[PDB]
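Scroll down for the structure; my scribbles are underneath it.
Taken together, the values in this text are just the output of simple stated rules run on the coordinates, not laboratory data. Cβ atoms come from the backbone with ideal geometry, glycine included; neighbour counts cover every protein chain shown.
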Amino acid sequence: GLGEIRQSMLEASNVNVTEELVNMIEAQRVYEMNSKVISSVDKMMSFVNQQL
Amino acid sequence: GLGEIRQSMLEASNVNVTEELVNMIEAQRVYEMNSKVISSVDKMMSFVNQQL
Amino acid sequence: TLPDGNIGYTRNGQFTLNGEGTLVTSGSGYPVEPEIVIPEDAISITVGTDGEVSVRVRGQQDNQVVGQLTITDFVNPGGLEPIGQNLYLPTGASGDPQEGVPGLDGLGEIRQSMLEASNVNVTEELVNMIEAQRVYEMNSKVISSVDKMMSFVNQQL
Amino acid sequence: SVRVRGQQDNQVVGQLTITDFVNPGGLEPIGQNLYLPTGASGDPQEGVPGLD
Amino acid sequence: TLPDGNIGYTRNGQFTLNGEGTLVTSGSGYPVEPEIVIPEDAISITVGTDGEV
Amino acid sequence: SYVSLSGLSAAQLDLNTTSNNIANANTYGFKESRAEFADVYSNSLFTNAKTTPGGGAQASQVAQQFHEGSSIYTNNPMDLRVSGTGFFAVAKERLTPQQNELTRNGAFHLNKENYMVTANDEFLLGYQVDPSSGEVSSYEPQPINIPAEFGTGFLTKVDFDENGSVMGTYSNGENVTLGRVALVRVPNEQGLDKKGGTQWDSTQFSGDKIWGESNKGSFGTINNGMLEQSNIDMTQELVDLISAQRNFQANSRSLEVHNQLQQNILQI
Amino acid sequence: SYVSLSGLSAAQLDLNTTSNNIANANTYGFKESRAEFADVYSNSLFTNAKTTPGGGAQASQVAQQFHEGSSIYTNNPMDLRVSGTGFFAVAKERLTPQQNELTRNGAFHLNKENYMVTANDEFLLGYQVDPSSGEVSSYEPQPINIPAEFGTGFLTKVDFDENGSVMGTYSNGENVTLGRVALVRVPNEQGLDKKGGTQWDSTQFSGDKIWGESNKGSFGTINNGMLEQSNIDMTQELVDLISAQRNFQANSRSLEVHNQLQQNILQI
Amino acid sequence: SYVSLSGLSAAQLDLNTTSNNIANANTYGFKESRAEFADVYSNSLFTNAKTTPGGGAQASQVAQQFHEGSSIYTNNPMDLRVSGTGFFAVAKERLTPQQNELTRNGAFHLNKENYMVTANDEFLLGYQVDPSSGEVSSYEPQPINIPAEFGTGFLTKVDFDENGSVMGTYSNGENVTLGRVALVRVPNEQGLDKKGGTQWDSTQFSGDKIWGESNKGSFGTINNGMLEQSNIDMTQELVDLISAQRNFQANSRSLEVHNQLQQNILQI
């Protein structure tokens, strides 16, 4: 079941730069929409301090 | 009536970032507006204590 | 033929054979109704305009008939249900399935060694997507303005 | 109506009916987004939703 | 033709067919007055300026 | 954004499929591959049925188009080609001929033991016939051996007739039939799983190997002195390279649009 | 883009067919091929023909133009040619002649069994006639045999008359009629399927084989010492090479224009 | 923005029509198409009448230019051409010739039953004339049959005169008139609806079919040994490709400008 040794040959990395770049954009958008809630809650707590 | 198994597939989350962020806009303002009523009642009780 | 036993309708004609030689789709492998099994003695497969499937055998003149294809039409194909894998299902608004020989009673003709491309026009889709993006930003301006008005009222009133 | 695989002409499972009142403002609010019929509310008017 | 029986008037022109061949709306599927049934022998549809289908 | 990502993945697969076809434009016995796609339409009990946007594009399968390729003439009697339907049977180990694989290129030669082997030093399989008998006696495939001395007399020339029989003449002027090349066929060629070096193996989706001679039944003929090139068309692959790029560019514009929508809401 | 890609395939098919004719400018009995195309238009009930363009170019059939070719002279009595309509009958196996194929080249010779065979060692089929009788007695074709000794007398010369009869004179000065070459004709020559080595076989679209003699009925004569070249004209083929090149460049230009339209929109 | 998209749609229709013409540069009997456009001007009771910006450009009709195409010479008696006005009558089914379609390509041959058919095995129709009589006896069209034997005598050559009559000579030296090819004309050729394979059918906009003989009345002549190519001009089609791209680019610039106007207000 083991593989075969191929002399004078190398195995490149299996990363797909297309997938990493696309996943980078999605991970950034989720990151920014999470910061909005913290930004929104900060404004709410600031408002309560001024009012209540 | 059961669903089928699809190999080499994943089911992404059904969250709609459009709907979540708009509802946060509505929720923040309603939350702030209720604080206005509590602040208004607080000022009213201060006036009653200071006058009566 | 779907795994559950029902019949699905497909415009995708990319077929193949399984180990038994039955004519199945080149995707998940759903057999075509009615079954068209190619004998192992065949050397060339021809499919007629009228759907008559026949093969040729060494040392035997005249194509040997192996099966007959039939195709189904609908009064309202736009009412069909897309179920994925290039498959459709009949619905209430689609109409009753009408089956017949491919070339009579208004049915289309089978073109062997020929595939039907998608009718999508990328020029139309990209232009429409730009228009829909602008309309999307139109309604965000209303929401942004409404939010600013409520913020102004929360500070003034 | 519901849809069942292996069956065209989606199956009917029930019929909804809604009630209108001459004076819905006379209904008694009991909370939980519920009202109760009262003397000044008027007789319930049940029927198919879309006629009369 | 509305389901209640009355007639509605529309400027939308997006039409389609039902299971019975009648020209209906592309939304809720209301028929068009007068009923325009396209037979199964039709290979093309031409709608004239004067409305003659 | 996953619908647009599906478009990029589907389009990028077509580039990789075409790029492998272009890369193997010169390997003998190569069969080109085609990328086949299918739609994604998913619904549940709580999903609206009238408005049904799709789930994107799913790669259905990468096919293995097995149409006959062009033939090259090398004037080498050990270069064999199957014209029609059939495969060469090639075994990795001499002792065990049940462990074999199907190949189409016939760049054969003899090793130090006078066994007709491929470029990878793998043994070609053939039938055993008596030198005086006619058709195949025992149908079990065995490696084809061309003895240097038979009698005696030393081997002079080797040739294959249209029936695949390997015949050698010797110094004593004796013509001896040494066997015939076995031809293997499968009911579904698309179902063969792909090994390395332009070799395939029989699978459940390809059926059981069918053993037969050349120019018999549904099998093609065996021609020596010929090799078959890849069955790809350079004009077709270069055009498919053009069309696949225009669908990845179009889909990335859709992915670009979806991000600008999310950025728009994030600025309220 | 699909209509342009249809044009490239149609223009490439014409170029491939023309190249095949030029490559076979020397082979004996070759019949040139002509590629015929057809339009495409398919309009749905929901599509308004007044605003629709066509579907491209569809290949209809690659014929098999069967007009008579030029005759070369070799002064070889074993080289035969059919002047008129008809085909030679050639069987691969001597025992079974009913499975045979049709050929036009007559480069025959004698093998070790004194059977008149082709260059591919395939037996020529002819009718059996008695040495004393006249016309064909048994109409079933059989391989033509030219015995070395008949009586005895040894074979000296073999000649063929216009009736296709093979006549051999021997040492004892006895003239013997050894048979006559069979001539096969089909009602539809265009329907014959093309086998290898410039040979055709009867098909369902070509009718059934009609067995007859030479210079009898509608059949042509049989001439010895002659061979048929390809029925192609080099000037016509070379001119069609230019026309197929331009009809391809135009479609590639059309494909190029349709690409630039899309790129113009992806920059908005 | 819809006015700009109207220009893009009109220009792309021009490209598709031109690309269709270039694709069929080698199909026999092809008649080129021309895209015709019309203006849009919609006004209501409540719309200002002084300033009337157009609604865009509308596709009027894709024409079917029916000018005579250039003829090719094949020296084949079975290949026909109409020099003038008229189409050949061709029926898909031999039994029913009323269900017939009009064609312009004359690439015919004989089936296995000796019926003159097209490349698609569709039967050519003609008038039935007695062997001794002259002009057409019964005007009802029937499939054209050229018997192998008439008496007997076997068919030798088939030729067509300017009147369309098919004449077959036989071994007995008997020339028998087997019929004359039917010609069909319509008052409006551009009203014909286009089927597949360069064939048309009668419509109401095209009037009724006019059955007549060749070289009689308003009909043209029939020439054997010739075929008609596409009636397109390569240089004109290539130039129309140039003008149509620079009209898709100009309109796309208008679409780009309109979008940037909407983006301008969205940033206030």
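Structure summary
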| read-out | value |
| --- | --- |
| Residue that is acidic (D, E) and surrounded by 15 or more Cβ atoms within 10 Å (Cβ to Cβ), where the choices are C:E33, C:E81, C:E20 | C:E81 |
| Selection count, the range G:207-224, where residues are within 10 Å of chain H (Cβ to nearest Cβ) and not hydroxyl-bearing (S, T, Y) | 7 |
| Candidate set: the range G:43-70, residues that are part of a loop (DSSP other than H, G, I, E, B) and at the interface with chain H (Cβ under 7 Å from one of its Cβ atoms); chosen: the one surrounded by the most Cβ atoms within 10 Å (Cβ to Cβ) | G:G54 |
| Test for H:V62: is it closer than 20 Å to G:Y41 by Cα, of a type in the set (A, V, I, L, M, F, W, C) and touching an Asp or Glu at 6+ places or on another chain (Cβ under 6 Å) | no |
| Candidate set from the range F:71-98 (those that are among the polar types (S, T, N, Q) and within 14 Å of another protein chain (Cβ to nearest Cβ)); member that is surrounded by the most Cβ atoms within 10 Å (Cβ to Cβ) | F:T85 |
| Residue in the range C:71-85 that is in a loop (DSSP other than H, G, I, E, B), away from chain E (no Cβ under 14 Å), on the phi > 0 side of the Ramachandran plot and not acidic (D, E) present | yes |
| Selection within the range G:110-124 - surrounded by fewer than 19 Cβ atoms within 10 Å (Cβ to Cβ) and either assigned to a loop (DSSP other than H, G, I, E, B) or among the acidic types (D, E) (or both) | G:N111, G:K112, G:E113, G:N114, G:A119, G:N120, G:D121 |
| Residue, nearest to the other protein chains (Cβ to nearest Cβ), within the range G:1-19, restricted to residues that are of a type in the set (S, T, Y) and under 13 Å from G:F37 (Cβ atoms) | G:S6 |
| Condition met for F:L183 (within 30 Å of the chain's Cα centre (by Cα) and of a type outside the set (F, W, Y)) | yes |
| Selected residue (criterion: farthest from the chain's Cα centre (by Cα)) from residues of the range G:1-41 that are under 24 Å from G:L261 (Cβ atoms) and aliphatic (A, V, I, L, M) | G:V3 |
| Selected residue (criterion: nearest to the chain's Cα centre (by Cα)) from residues of the range C:90-128 that are within 14 Å of chain E (Cβ to nearest Cβ) and aliphatic (A, V, I, L, M) | C:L107 |
| Tally of residues being more than 20 Å from G:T103 (Cα to Cα) and either of a type in the set (G, A, S) or in contact with a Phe, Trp or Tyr (Cβ under 7 Å, 6 or more places away or on another chain) (or both) across the range G:16-41 | 5 |
| Top-ranked residue in the range G:139-160 [being of a type in the set (D, E) and over 22 Å from G:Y28 (Cα atoms); ranked as farthest from the other protein chains (Cβ to nearest Cβ)] | G:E149 |
| For G:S230: the one exception among (1) within 17 Å of G:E32 (Cβ to Cβ); (2) outside any loop (DSSP other than H, G, I, E, B) | (2) |
| For H:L261: the one exception among (1) outside any loop (DSSP other than H, G, I, E, B); (2) away from chain G (no Cβ under 11 Å); (3) farther than 25 Å from G:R253 by Cα; (4) under 21 Å from the mean Cα position of the chain (by Cα) | (4) |
| The range C:46-105, residues that are over 30 Å from F:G217 (Cβ atoms) and hydroxyl-bearing (S, T, Y) | C:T70, C:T72, C:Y88, C:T91, C:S94 |
| Of residues in the range F:180-193 being touching a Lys or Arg at 6+ places or on another chain (Cβ under 9 Å) and more than 9 Å from chain C (Cβ to nearest Cβ), the one farthest from F:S165 (Cα to Cα) | F:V184 |
| Positions within the range C:109-146 being aliphatic (A, V, I, L, M) and either part of a helix (DSSP H, G or I) or touching a helix residue (DSSP H, G or I) at 6+ places or on another chain (Cβ under 7 Å) (or both), in sequence order | C:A117, C:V122, C:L126, C:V127, C:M129, C:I130, C:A132, C:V135, C:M138, C:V142, C:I143, C:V146 |
| Selection status of C:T49, more than 28 Å from F:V40 (Cβ to Cβ), part of a loop (DSSP other than H, G, I, E, B), touching an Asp or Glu at 6+ places or on another chain (Cβ under 7 Å) and more than 10 Å from chain F (Cβ to nearest Cβ) | yes |
| The listed residue being within 10 Å of chain G (Cβ to nearest Cβ), touching a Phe, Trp or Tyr at 6+ places or on another chain (Cβ under 8 Å), within 29 Å of H:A23 (Cβ to Cβ) and not small (G, A, S), out of H:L238, H:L227 | H:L227 |
| Residue count, the range G:137-162 (criterion: part of a loop (DSSP other than H, G, I, E, B) and closer than 23 Å to G:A89 by Cβ) | 6 |
| Candidates G:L13, G:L5 - the one that is of a type outside the set (V, I, T), out of contact with any helix residue (DSSP H, G or I) (no Cβ under 6 Å at 6 or more places or on another chain) and buried (at least 23 other Cβ atoms within 10 Å of the Cβ) | G:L5 |
| Selection from the range D:1-46 of residues that are away from chain C (no Cβ under 14 Å) and aliphatic (A, V, I, L, M) | D:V13, D:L16, D:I18, D:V22, D:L27, D:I30, D:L34, D:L36, D:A40 |
